[PDB]
């Protein structure tokens, strides 16, 4: 019974209830339909140049209203992919690369040859093209293992954007400054959409009023929906009262909602988000139980209870674990009921199997701690990957998705490279971040520890190696998105977002879920409190 420590929730009952004025909602919806159809006609414009078509698509995407034009934007990029017209200018070429690649079109990086000398490096003469540099920088983060051409693209555009930025006009200066701390591709969609609309496009002189208006309204309307869901989930979490009954666990439902919200923000994924938040919260309790409270013997009985997954096993568990255990089983029972109507209740097991896997490994992590076992990196990862809970959350995100078939879950059960990459990113990033705290304590059992021992290298060199694993992972994720995809892209995005969440949460190399204050707090306010002033 180790000392408390964990900071209490900052929010309180701030989101406990949200009465949505259907008056303001309908008006917003009414005008959005108009602006929507008006934006549609913009995309279907015939005599439009390449650069214009790309800038238009990029903007609608950054404004976060592109989910209205899945088909439209696709048929247009498809054509652009098949016509292969050379734009000759860096700005447009880089953007054509990124947008196509992000949509799975395997466009060749040969397009970037004309901007490199006979040596293969970028012409230093482009150092004055700010828009060209910015779009390249963005594009360098979508490269795969086959794109060795873009090898130096990131370092190139970076050093020169940092040099040029201080004298740029606004909002361009701000856009560049923000891109340097957060590229678009590895950032959370609503978070970047919130930043684009309010900090950039609104302050853009050449802004398209129909698009900005559309953007602000749509964003604000969806925020109402998110506020509702969070309310609903906040009430659910109070009825469990784990804040009083389990004072050792972290109270972070708003933070858990944020993740669910970064996995998907569309209204159609409302049922999905709710299920997902509940599970991220629940598994958070379990992580806290193994990590800071439970004892050797108790954890063992807990892991067995989870594997059996009955209810009779509850008696073998101490009183405090009986609450956790039952909560978990009742949660899945609700899921089974929620899906009963569509007849999709039979998929819930897939998530349960992953949870057992998560717990088994949690337990092993514990055993290693007690023995003081420092396994070789390979052995460490074979266990430390599932403890990230990403195979688990990844499977959970499919529950609430009405389109998810049994086949989609089977594909996911084989541990796809795309899923594997996402899990590794969380793993290495988390270990890099949480190293000193665990070792200043002592923990010869941590990720960086096994790495330094296994390879006989310094701490600096070990974290450096972990960074490359994350870079490798990202490249695998990008490759993963390329067509033909194993499953509908609709099922690849959740995984992609889970990795975006890691990048956003551990950006200052600090645990964002445990220490929200300086990392996650602003985002939550920007997405779930403050609306965009119309």
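Residue numbers count along the first chain shown, from 1.
The stretch 285-293 shows the higher mean C-alpha B-factor when 285-293 is compared against 374-382 in the entry.
Look at the mean CA B-factor for 517-525 and for 17-25 in the entry; the higher one is 17-25. As recorded in the PDB entry, 344 shows the highest C-alpha B-factor of the residues 344, 354, 414, 252. The residue among 349, 246, 100, 176 whose C-alpha carries the highest B-factor in the deposited model is 246. Ranked against the other modelled residues of its chain, the C-alpha B-factor of residue 228 as given in the entry falls in the middle third.
Placement of the Cα temperature factor of residue 57 within the chain: lowest third of the modelled residues, per the deposited record. Sorting the modelled residues of the chain by their CA temperature factor places residue 467 in the middle third. Placement of the Cα temperature factor of residue 435 within the chain: highest third of the modelled residues, per the deposited record. Split the chain's modelled residues into thirds by C-alpha temperature factor. Residue 166 is in the lowest one.
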